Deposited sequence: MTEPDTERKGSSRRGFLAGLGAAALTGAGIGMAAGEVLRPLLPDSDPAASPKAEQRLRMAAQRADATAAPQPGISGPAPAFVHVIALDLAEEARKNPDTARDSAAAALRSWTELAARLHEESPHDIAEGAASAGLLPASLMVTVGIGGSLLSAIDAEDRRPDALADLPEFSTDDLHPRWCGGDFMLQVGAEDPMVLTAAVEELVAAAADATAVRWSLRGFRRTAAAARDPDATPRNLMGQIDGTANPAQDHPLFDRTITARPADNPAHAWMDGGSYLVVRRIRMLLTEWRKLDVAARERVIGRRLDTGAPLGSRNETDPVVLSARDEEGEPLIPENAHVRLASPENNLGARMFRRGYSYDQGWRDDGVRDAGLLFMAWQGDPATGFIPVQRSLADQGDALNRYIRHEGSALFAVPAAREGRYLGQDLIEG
């Protein structure tokens, strides 16, 4: 035994905080596994605003109610014969989001806040249309992949009649069980420390960065206190990346691989003109800031021997126009050193509304 050992087990052992706002899956410790699932209203229902809106109401209610249960109970408490029987709670958490395309389907474009405007095209884009967008999102996280997939099955089933999967991707980070130091910042498939410059969660900057400011227009206020998720599936050119020596890799980002220190320094907590962290800095983007909570993905190999692995990148912010968008535009247009080694292949924006007492998620938007 040891303190560190107890600490290595905590993420697997504990339930998540079901009260975190706007919803679970943003603040608090990040579980090791994630499944991001984009869904559309079922084809037939989607054809007409009225059936579209009924199916959305059903989907969103079922999910809300099941996310409630899954935060206090495990999948195997909810149903007999689940894959997760005999397992600890593993920080299971569920987040539900709404795409701008949902508003189109239900004829509610009047309800679309400016912050939910489609993402612009970026000059480095290499997006696959089937990996873009979606009427809804489920983000499901857990510290154990079996607990994860059991919860996914129940959540997809709860809205099976009303929705269809559009795209999905599983991701991972180091397990707390295998971290020499389970409080250390996790690394990505490029070997880099990933997360250092996020605003600290015990600091007012966190909530300010994440939280949608009140809407001027009551038709847009269903997103007050919510957050916006930009998800990007970013393939890493690892074979080419591995040809670089360590110094060169460090120059691409502007931080060292060993410690995560900016270049020329000793601690995590000179920089090339085209370095990622220089071009991405709020400083270089009129104060644009986001909270990044991304996962690695490993999908083996594709045609013609291309490595299908990467960063399932996820940025949270109050308004994409003062977060992800200006920053990505700087990285795209100003020639981030990193562009060479990455390809943006999937993209989506989801509005993630604040949970409210006595109402299902997005009930305001649906109404009733």
Going from the first residue of the deposited sequence to the last, where are the unmodelled runs? 1 to 48, 318 to 331
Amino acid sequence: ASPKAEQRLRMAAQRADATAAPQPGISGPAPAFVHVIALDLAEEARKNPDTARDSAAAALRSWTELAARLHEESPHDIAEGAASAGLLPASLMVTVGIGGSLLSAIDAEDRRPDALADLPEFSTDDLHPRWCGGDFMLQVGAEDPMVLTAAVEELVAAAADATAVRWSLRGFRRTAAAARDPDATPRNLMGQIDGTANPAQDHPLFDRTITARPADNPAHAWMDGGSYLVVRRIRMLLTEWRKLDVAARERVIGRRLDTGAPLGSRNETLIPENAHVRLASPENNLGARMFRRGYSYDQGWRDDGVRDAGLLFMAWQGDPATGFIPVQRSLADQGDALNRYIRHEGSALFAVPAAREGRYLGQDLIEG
From here on, numbers count along this sequence of modelled residues.
Going by the mean C-alpha B-factor recorded in the entry, which is higher: 41 to 49 or 314 to 322? 41 to 49
Would you mind comparing 201 to 209 and 289 to 297 for me and telling me which has the higher average C-alpha temperature factor in the entry? 201 to 209
Using the temperature factors in the entry, find which of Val152, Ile193, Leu169, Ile271 has the highest value at its Cα atom. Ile271
Going by the recorded CA B-factors, say which third of the chain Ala12 sits in, lowest, middle or highest. lowest
In terms of its chain's C-alpha B-factors, the third that includes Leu349 is the lowest
Quick check on the deposited entry: does the C-alpha B-factor of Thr124 sit in the lowest, middle or highest third of its chain? middle
Compare the C-alpha B factor of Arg232 with those of the other modelled residues in its chain, then answer lowest, middle or highest third. lowest
Among the modelled residues of its chain, does the C-alpha B-factor of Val165 lie in the lowest, middle or highest third? lowest
